[PDB]
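Right, one structure below, let's go through it.
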Amino acid sequence: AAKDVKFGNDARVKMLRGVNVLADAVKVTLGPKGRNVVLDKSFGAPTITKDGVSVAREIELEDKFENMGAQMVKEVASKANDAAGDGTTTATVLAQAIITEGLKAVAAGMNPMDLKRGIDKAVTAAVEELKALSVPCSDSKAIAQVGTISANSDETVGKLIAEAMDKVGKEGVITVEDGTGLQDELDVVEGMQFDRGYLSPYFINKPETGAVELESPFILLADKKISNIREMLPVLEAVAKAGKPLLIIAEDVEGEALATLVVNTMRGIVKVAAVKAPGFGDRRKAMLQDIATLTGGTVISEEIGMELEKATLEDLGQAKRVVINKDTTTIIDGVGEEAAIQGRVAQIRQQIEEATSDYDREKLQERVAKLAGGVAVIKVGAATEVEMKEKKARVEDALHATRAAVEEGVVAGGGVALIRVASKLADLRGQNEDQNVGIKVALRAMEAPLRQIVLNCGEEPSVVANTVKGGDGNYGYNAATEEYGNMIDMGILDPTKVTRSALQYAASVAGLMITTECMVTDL
Amino acid sequence: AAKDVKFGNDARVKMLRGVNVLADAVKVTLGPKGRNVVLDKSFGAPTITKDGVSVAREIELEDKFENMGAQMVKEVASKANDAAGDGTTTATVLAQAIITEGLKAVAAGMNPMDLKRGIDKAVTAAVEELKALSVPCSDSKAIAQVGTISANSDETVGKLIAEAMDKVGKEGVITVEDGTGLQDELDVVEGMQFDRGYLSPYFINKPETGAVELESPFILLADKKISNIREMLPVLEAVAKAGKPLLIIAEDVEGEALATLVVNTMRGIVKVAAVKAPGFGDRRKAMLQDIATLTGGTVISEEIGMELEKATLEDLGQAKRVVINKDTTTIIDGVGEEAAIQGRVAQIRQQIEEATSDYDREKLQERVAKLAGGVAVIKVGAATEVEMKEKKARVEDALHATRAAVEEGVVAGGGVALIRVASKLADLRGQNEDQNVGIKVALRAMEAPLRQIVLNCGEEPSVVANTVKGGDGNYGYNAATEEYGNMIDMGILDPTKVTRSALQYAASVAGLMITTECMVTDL
Amino acid sequence: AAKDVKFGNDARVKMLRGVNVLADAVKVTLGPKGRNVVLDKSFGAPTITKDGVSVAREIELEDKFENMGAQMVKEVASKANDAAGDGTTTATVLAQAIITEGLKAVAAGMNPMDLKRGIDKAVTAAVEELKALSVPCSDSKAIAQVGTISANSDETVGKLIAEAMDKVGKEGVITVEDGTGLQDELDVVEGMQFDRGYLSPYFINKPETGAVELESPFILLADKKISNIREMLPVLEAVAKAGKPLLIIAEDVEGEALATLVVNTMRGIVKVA
Amino acid sequence: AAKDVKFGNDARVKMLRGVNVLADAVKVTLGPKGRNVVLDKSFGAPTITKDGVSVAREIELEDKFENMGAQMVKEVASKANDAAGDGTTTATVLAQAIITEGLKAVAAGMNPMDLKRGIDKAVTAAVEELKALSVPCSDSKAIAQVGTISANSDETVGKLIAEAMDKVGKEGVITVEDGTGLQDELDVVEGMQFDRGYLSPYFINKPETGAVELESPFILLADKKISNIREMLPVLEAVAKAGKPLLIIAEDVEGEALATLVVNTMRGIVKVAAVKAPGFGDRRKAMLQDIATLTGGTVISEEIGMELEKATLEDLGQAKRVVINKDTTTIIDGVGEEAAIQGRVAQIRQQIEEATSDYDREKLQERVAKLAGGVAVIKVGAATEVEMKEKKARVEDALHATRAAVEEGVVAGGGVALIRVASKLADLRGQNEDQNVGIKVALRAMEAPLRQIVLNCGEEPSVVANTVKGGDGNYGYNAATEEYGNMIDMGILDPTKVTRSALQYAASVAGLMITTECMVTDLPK
Ligand SMILES: Nc1ncnc2c1ncn2[C@@H]1O[C@H](COP(=O)(O)OP(=O)(O)OP(=O)(O)O)[C@@H](O)[C@H]1O
Ligand SMILES: Nc1ncnc2c1ncn2[C@@H]1O[C@H](COP(=O)(O)OP(=O)(O)OP(=O)(O)O)[C@@H](O)[C@H]1O
Ligand SMILES: Nc1ncnc2c1ncn2[C@@H]1O[C@H](COP(=O)(O)OP(=O)(O)OP(=O)(O)O)[C@@H](O)[C@H]1O
């Protein structure tokens with residue numbers, strides 16, 4: 002295709018206009034005074050959201066160069082949300098600040114590569130500073146605060162997630178799903194979780210979240226890979242009139258002899274899914290036995306001799322709900338038999354007691370933790386479908402923030418930690434004055450979150466920025482109550498991982514992206 | 002198609018406008034102060050790169066004549082990257098200089114093919130001069146410098162590749178692949194390398210790099226060609242529900258009874274690849290036996306009598322990663338059995354000990370070198386996908402540059418050695434005054450790299466060119482530290498092959514290219 | 002009126018277009034086999050000429066840049082004409098060749114004023130060499146042939162110029178008049194010549210001729226400046242009573258007297274030169 | 002006519018476009034290797050010139066904003082011309098460099114007026130540095146060289162002006178005239194000069210010349226205001242009966258008399274040129290008495306009683322020639338007796354002796370200087386009237402540049418003065434980063450003329466610039482012979498005053514137009 006090619010300042014200004022559009026569209030959602038935005042959906046109702054990443058995904062400009070810049074910054078939100086699930090808006094704001102100031106410097110005549118290297122030096126120094134300043138998160142009150150603040154100062158969901166992590170432990174799995182009443186409910190039912198994903202991206206359902214859900218699925222388990230379609234056709238055939246969608250768990254699933262002809266055979270009324278089995282050998286076999294007992298099913302093996310053609314509907318497992326994601330797949334509620342589940346739990350506990358090898362002990366302890374923790378289910382209760390998915394977004398963001406906080410720790414909320422590390426990093430210098438200018442641009446950039454939150458409050462940013470810079474420790478500006486105080490006392494806290502990942506991704510993409518002079522695109 | 006035909010100066014100026022667009026878009030990436038570009042991608046995120054040859058590949062102009070010029074100079078970068086993998090930007094810059102000055106001479110009325118002969122005489126003299134001035138590369142410090150400078154003065158990757166060539170020797174194979182952490186990692190694992198390529202260009206995966214990759218492939222080996230599809234259908238059928246993609250190694254693979262119906266069978270969910278077996282007869286059989294033992298597989302033969310229908314999933318080989326390229330195909334990691342691999346290594350060593358024929362000894366020594374060197378794997382660790390591929394590009398460029406340097410030698414970096422050989426060639430004269438002016442055009446063109454690098458630094462190109470021309474030996478201008486000194490001492494060195502190939506390709510295409518009077522295109 | 006600028010090679014190719022237009026339009030008629038060129042007239046029949054000056058006079062192009070290039074070459078052609086009297090086609094043909102090759106060379110990237118200096122040196126050498134190659138024309142026969150060739154190969158004109166040349170010697174003065182008879186009339190009468198032009202171009206009675214021809218005029222001789230026309234009022238009254246053309250020779254003529262004389266000339270009451 | 006506004010960076014880029022247009026159009030002809038520029042005339046042949054003033058005069062753009070930018074740079078060029086007389090191309094080239102880097106820097110988000118203050122500080126330091134580096138031009142050989150270079154490398158003109166100052170000393174008054182002979186003529190005749198211009202621009206007989214040149218006029222001296230033209234009615238009648246040009250010198254001229262004189266001049270019935278009365282009070286009256294002695298005239302005053310109406314042809318002064326400049330009037334070969342002039346010289350010398358006030362003593366000293374020194378006349382000699390007037394113009398601006406040189410000093414030409422000063426000022430800093438970048442913009446802009454003239458040579462600007470920077474003292478690049486050396490040795494010099502004024506007004510207009518945010522203009526119609 003014939004290419005329009007732009008050089009230097011023209012390319013950079015088209016880039017920056019597109020990036021400014023996207024960053025405004027995302028930054029209008031930041032902070033407790035953050036304001037939700039409407040994303041058009043052609044198939045259904047318009048979607049309200051405070052979730053930055055879905056927004057940033059939805060932007061696509063008409064001018065090709067502006068669109069390219071917007072895609073480059075959409076990468077920031079995508080990477081940030083995948084890493085942490087929160088702070089994508091923060092990452093985008095840090096981006097926009099860094100690109101704007103770096104482009105001003107470059108327009109002055111600056112070398113962009115030295116800016117890049119200075120930005121890297123400053124951002125790594127900031128990573129070390131936040132690691133020094135990170136505080137462990139505990140007491141179930143800090144976690145509740147993280148959830149509440151993450152959900153736009155929603156105390157009910159913060160309390161609910163605090164109760165959930167109290168019950169299932171700091172490492173238990175919690176699932177957010179559609180509720181039925183007007184109230185959000187907690188349902189900790191028996192379930193299972195294994196770190197595997199779908200084999201083919203054609204199993205993605207109508208929702209664009211990337212996780213496919215099954216309405217009362219039918220569980221099939223296997224450790225030995227079958228050979229021909231005809232051996233597993235009767236099971237499908239039985240499934241084809243069982244009533245319930247089929248999820249198969251195997252060591253590794255092909256595309257040729259399953260996916261192509263299940264797509265060509267079925268138009269998609271009732272879905273069929275196939276997933277990998279984590280582990281290998283005896284560990285995988287024991288895990289499959291545990292899953293089969295949880296779902297009331299059985300595991301086919303060469304040694305047993307029981308075959309797929311002999312397998313019936315009652316022999317195999319069944320679950321009440323199953324959600325499959327690329328990162329990790331969970332069976333939400335497998336009915337099975339409660340007495341059988343308890344007997345298997347006792348058997349695996351005695352397996353722990355007899356075992357003495359460190360690897361065997363730790364994997365069996367992982368098994369008992371998975372069985373005992375269960376799955377917490379969040380029934381998002383609200384009046385409407387728009388409020389359904391909006392509250393789902395805020396609840397999932399709160400859950401992800403709590404996860405990251407217990408993974409790494411917490412620091413002062415509202416970007417105050419950025420102010421403090423910027424004050425601490427004022428002395429960092431680069432190889433030359435060029436790298437010093439880059440570090441100073443990064444310094445100027447890290448107060449962007451506070452300024453943008455205060456702007457979302459309608460208050461003037463520079464006043465608050467200087468007021469916090471005059472402060473120290475955990476003194477900052479509660480935007481919700483429009484007053485200065487200690488966040489740690491009042492519970493405005495960010496997870497350390499969220500902040501660190503956001504700043505890291507933003508610095509990396511911005512440093513690459515301000516060094517760009519030739520832009521080549523279709524006309 | 003109706004042809005618009007342009008003659009003489011208007012044709013040549015449209016040509017030159019297109020060439021100038023492409024050459025600017027490539028030359029903005031040269032040197033340590035070289036600055037990255039953005040190439041659009043329709044399927045995914047925009048690609049920020051410093052790789053000049055890619056920049057050449059995605060340039061196409063709206064005016065047909067300008068598009069011709071751009072394509073004919075894109076040929077330069079393609080040929081240069083194929084030959085050496087670095088210096089494509091240098092080749093394009095030498096082109097643009099030569100075409101512009103030759104067009105000025107032709108606009109004066111000067112005869113084109115005598116200019117061509119003068120250019121060839123000068124460029125062959127320059128080849129001999131650089132061969133005289135080439136210095137062998139060794140000590141693992143010069144290699145590290147070549148890698149670092151090749152990767153835009155990136156010292157960490159230079160140290161890493163120095164360690165890699167220290168471990169796997171100066172001739173071992175090194176693979177660059179996607180990493181997982183934020184850090185670039187070195188993983189020297191057991192693998193195989195053999196100079197063979199894919200049979201059909203329809204096996205090219207989604208990446209446009211031309212090398213297909215397989216995630217957990219399944220290895221099949223053969224020395225006797227099967228006859229019918231039905232004999233090898235069960236293996237495929239077994240593969241069709243094995244879980245892993247199938248790579249077949251054979252003497253020579255057909256298209257009629259494999260490729261057509263394997264494209265018609267699968268839609269591209271899981272790939273199936275077939276490659277040629279290097280060598281012939283007993284050498285090919287021994288290589289297949291070695292590869293089957295490396296992957297834990299077996300080789301089908303008429304003498305053995307074991308048949309494809311009798312072959313099972315456990316009988317055949319399996320690898321962790323395999324990347325197939327047209328030039329050379331490598332199995333990155335075949336698990337197999339470490340004890341079996343060591344036993345095969347000892348057996349082949351004893352085969353060396355018993356053998357005395359020079360050809361047998363050298364091929365068995367090639368076998369033991371391939372087995373002992375293994376495969377070095379570079380896990381490109383970075384924050385983002387854009388930084389994934391950008392760091393991959395710079396690391397691969399460093400790899401190719403180090404390969405070329407150890408293949409042929411090194412000279413002064415930044416074109417300083419090219420300046421020196423230009424100074425040494427001031428006395429070369431052609432058959433007539435026309436050829437003399439052609440030689441002088443080549444002479445005035447060979448200072449293009451230094452000028453363009455210094456311009457990328459934003460500095461005064463003329464003072465640097467004159468200062469270096471006043472200098473001698475390895476005295477030149479470090480662009481990174483903006484100062485004049487000895488390149489050998491400060492480690493800025495080019496591979497001799499890269500520079501020689503760039504100048505040869507550029508001179509050939511440019512002299513052949515400035516002779517063009519008529520241009521015939523679609524309207 | 003605002004001004005539109007054009008700088009760079011685009012301007013150069015523009016006056017190149019203009020000079021090519023004018024230069025071809027005038028070079029067609031060069032030589033004895035010079036082809037006719039027809040020129041429109043606002044009224045009546047269009048004139049048909051082989052005169053390079055005549056065709057070169059009215060060349061003026063619609064767009065301003067090539068018009069201005071045509072005007073520069075028109076300037077040099079008329080300057081050579083007033084310097085020499087002939088060979089204007091030759092001058093502008095030489096101009097076309099030199100400018101075309103010069104613009105080709107400067108567009109080829111050489112230094113323009115270095116080129117100009119080289120051309121100046123070459124043309125100076127050509128000038129001195131043509132002094133070396135020059136041959137005296139003191140003979141009346143070559144005078145007859147050159148007068149013939151200049152006047153469109155008319156031997157009668159060259160012959161008459163030869164006889165007049167013999168009449169007034171080497172540095173005499175020859176003046177053309179109109180004869181009522183079908184034969185040309187050659188005479189020698191004492192007269193006065195001095196290199197002085199008219200105060201105003203409006204004094205010319207015949208615009209095509211370019212000179213003021215007066216028959217039996219009263220001649221006034223003055224060595225003083227005519228600052229006021231009141232000094233010329235009795236002179237005008239006397240010459241109007243007598244009824245003949247009037248010629249004035251004075252040291253200087255100021256704006257007032259010149260303006261009043263111009264007004265009187267366009268009135269049609271007196272003939273004053 | 003309605004008014005359209007454009008504020009913000011759009012206005013900035015707009016006048017940047019305008020100044021780039023005009024600045025290139027004038028920078029092409031800079032230097033001895035300056036390329037020709039062709040300009041259309043509404044009638045006849047187009048003019049071809051190397052004069053920066055000429056090309057800069059008729060630049061105006063179709064759209065209003067860049068036209069305005071062109072007009073600011075035009076007015077600064079003309080202001081420097083009237084201040085100095087030469088180097089207008091230099092001033093506007095410096096203007097282009099300073100404004101382009103300044104607008105680039107302000108568009109980079111930093112404070113424009115911090116930048117302007119920094120540029121002002123840097124240019125003030127440059128002014129004091131060039132004062133330090135200025136060399137006296139008392140030597141007649143350097144005077145001949147600078148007169149040569151100013152008048153397009155014509156050694157004859159510089160030589161003639163050199164002998165002119167040899168005739169009338171260091172601070173004498175010299176007027177160029179037209180000589181009928183092919184040879185140049187030089188004479189010295191006692192005359193008058195004073196800093197007074199015409200009442201109306203319509204008094205100028207030659208619009209291209211800009212001055213009123215009159216031969217053998219009747220001169221009227223008055224110390225009173227001409228409120229009514231009825232006072233000038235008998236004078237007009239007498240001068241119309243006599244038939245010569247008329248000069249009026251009066252204290253003030255009101256609107257009525259000026260309008261009536263303008264009507265009379267455009268009628269074509271009389272030649273009347275009126276100028277103000279120079280000086281003030283008793284000094285003005287005394288020097289008007291001196292002028293009356295020089296021309297044989299009489300001073301008319303209301304306080305004395307004798308009025309403008311009671312004027313005869315004998316009472317008015319007379320002279321052989323007069324030239325009334327734009328703000329100056331000079332009288333050559335006055336009729337009045339030299340003995341009376343010598344007596345007046347003695348009287349004002351005794352006034353000097355009895356003078357006690359320094360101001361009055363200096364006024365009497367300049368009175369005796371102008372009354373005794375006289376005026377040199379240089380009559381240009383040539384064959385053609387066209388080259389007559391062209392060499393006359395070359396003499397005019399060459400001598401004006403020579404006077405600028407004599408008043409202040411001379412430095413090596415070719416812009417290397419600016420190059421050396423920029424070398425000596427690399428160390429100065431400002432109060433913040435924006436003042437520092439303003440200093441840097443001024444520094445790297447004041448080096449532009451060398452690069453532009455080398456461009457005009459056809460060579461590479463940067464190599465010559467850095468080589469001359471490396472060279473120290475008066476070492477630089479002869480553009481004429483296109484080779485290095487000392488320009489003093491080969492006589493390539495520029496007056497200190499012209500370059501100093503050029504850079505001063507360039508920095509002034511840059512500081513004023515950098516700080517342009519709102520740009521109002523009339524509507525496109
Ligand atoms: N009362 C408050 N005072 C100060 N900062 C607050 C307050 N409430 C919330 N914040 C800050 O607002 C941010 C949370 O807002 P929000 O969840 O909308 O965006 P995010 O965490 O940057 O990312 P995302 O777009 O994924 O939601 C955190 O930085 C938190 O510290
Ligand atoms: N500090 C430096 N000083 C001088 N030259 C340098 C310096 N750093 C790098 N170079 C030169 O820059 C070039 C490497 O730049 P780069 O890798 O972008 O381009 P390339 O090698 O010409 O080709 P390609 O487009 O394939 O990368 C080499 O010629 C190297 O000598
Ligand atoms: N031989 C020379 N070598 C180098 N520079 C020279 C030489 N002769 C003159 N110059 C420089 O060239 C400039 C003279 O340019 P030019 O004669 O076109 O007019 P100007 O003085 O710049 O201005 P104006 O427009 O008022 O005529 C001066 O800056 C002078 O120093």
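So the sequence lines, in the order shown, correspond to chains C, G, M and A. The opening position of the first sequence corresponds to residue 2 in PDB author numbering, with each subsequent residue numbered one higher. The opening position of the second sequence corresponds to residue 2 in PDB author numbering, with each subsequent residue numbered one higher. The opening position of the third sequence corresponds to residue 2 in PDB author numbering, with each subsequent residue numbered one higher. The opening position of the fourth sequence corresponds to residue 2 in PDB author numbering, with each subsequent residue numbered one higher. Note that the Cβ used here is the ideal one computed from N, Cα and C, for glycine as well.
>> For residue 1 of chain G, would you say it is in contact with chain A, using Cβ-to-Cβ distances shorter than 8 Å as the test?
In response: Here chain G comprises residues numbered 2 to 524, so residue 1 of chain G is not present and cannot be evaluated.
> Within the present structure, is the beta-carbon of G:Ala481 separated from the nearest heavy atom of ligand 2 by less than 7 Å?
Replying inline: Within the second sequence, numbered from 1, the residue matching residue 481 of chain G stands at position 480. Checking the Cβ of G:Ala481 against ligand 2 gives yes.
> Less than 7 Å between the CB of G:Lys392 and some heavy atom of ligand 2, yes or no?
Replying inline: Here residue 392 of chain G refers to the residue found at position 391 when the second sequence is read from its first residue. No; taking the cut-off as 7 Å, the Cβ of G:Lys392 has no heavy atom of ligand 2 nearer than that.
>> Give me the chain M residues within the contact set of G:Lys105, using Cβ-Cβ distance strictly less than 8 Å, ordered along the chain.
In response: Reading the second sequence from its first residue, position 104 is the one you call residue 105 of chain G. Within 8 Å Cβ-Cβ: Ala109 and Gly110.
> At which residue ranges does the segment 357-413 of chain A contain complete alpha helix (DSSP H) runs of 4 or more residues, listed in the order of the chain?
Replying inline: 359-374 and 386-409
> Between which two residues does the beta strand (DSSP E) carrying A:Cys458 extend?
Replying inline: As a working note, residue 458 of chain A is residue 457 in the fourth sequence. No beta strand (DSSP E) contains A:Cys458, which is instead part of the alpha helix (DSSP H) from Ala449 to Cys458.
> What three-state label does DSSP hand M:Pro47 in the structure shown?
Replying inline: Taking the first residue of the third sequence as 1, we reach residue 47 of chain M at position 46. Coil, per DSSP.
> Using a C-beta to C-beta distance shorter than 8 Å, which residues of chain M count as neighbours of A:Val22?
Replying inline: Counting from 1 along the fourth sequence, the entry for residue 22 of chain A is found at position 21. Within 8 Å Cβ-Cβ: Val6.
>> Using CA atoms only, rank isn't needed, just tell me which of C:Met114, C:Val29 and C:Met389 is closest to C:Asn433.
In response: Within the first sequence, residue 433 of chain C is the residue found at index 432, counting from 1. Among C:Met114, C:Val29 and C:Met389, the Cα nearest to that of C:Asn433 is on C:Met114.
> Can you list, in chain order, the residues of its chain whose CB lies under 6 Å from that of residue 1 of chain G, leaving out five sequence neighbours each side?
Replying inline: The structure shown has nothing for residue 1 of chain G, since chain G only spans 2 to 524.
> Since G:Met16 meets chain C, which of its residues come closer than 9 Å, beta carbon to beta carbon?
Replying inline: Counting from one through the second sequence, the residue named residue 16 of chain G turns up at place 15. Correct list: empty, because the minimum Cβ distance to chain C is about 16 Å.
>> For C:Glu338, tell me which candidate among C:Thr296, C:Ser302 and C:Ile305 has the shortest Cα-Cα distance.
In response: As a working note, residue 338 of chain C is residue 337 in the first sequence. For the residues C:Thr296, C:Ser302 and C:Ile305, the minimum Cα distance to C:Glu338 belongs to C:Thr296.
>> Could you check whether the Cβ of G:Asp155 sits closer than 7 Å to any heavy atom belonging to ligand 5?
In response: Although ligand 5 was asked about, the structure shown includes only ligand 1, ligand 2 and ligand 3 as ligands.
> What is the C-beta distance between A:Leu161 and A:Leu200, in whole angstroms, given that I count them as a contact (C-beta under 8 Å)?
Replying inline: Translated into the one-based positions of the fourth sequence, residue 161 of chain A becomes position 160. Translated into the one-based positions of the fourth sequence, residue 200 of chain A becomes position 199. With 8 Å as the limit, A:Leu161 and A:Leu200 do not qualify as a contact, their Cβ atoms being about 33 Å apart.
> Roughly how many whole angstroms lie between the Cα atoms of M:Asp121 and M:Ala78?
Replying inline: Within the third sequence, numbered from 1, the residue matching residue 121 of chain M stands at position 120. Within the third sequence, numbered from 1, the residue matching residue 78 of chain M stands at position 77. Cα to Cα, the separation comes out at about 18 Å.
> Since C:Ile250 sits in a beta bridge, which residues does DSSP pair it with?
Replying inline: Position 249 of the first sequence, counted from the first residue, corresponds to residue 250 of chain C. In DSSP, C:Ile250 forms a bridge with C:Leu222 and C:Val276.
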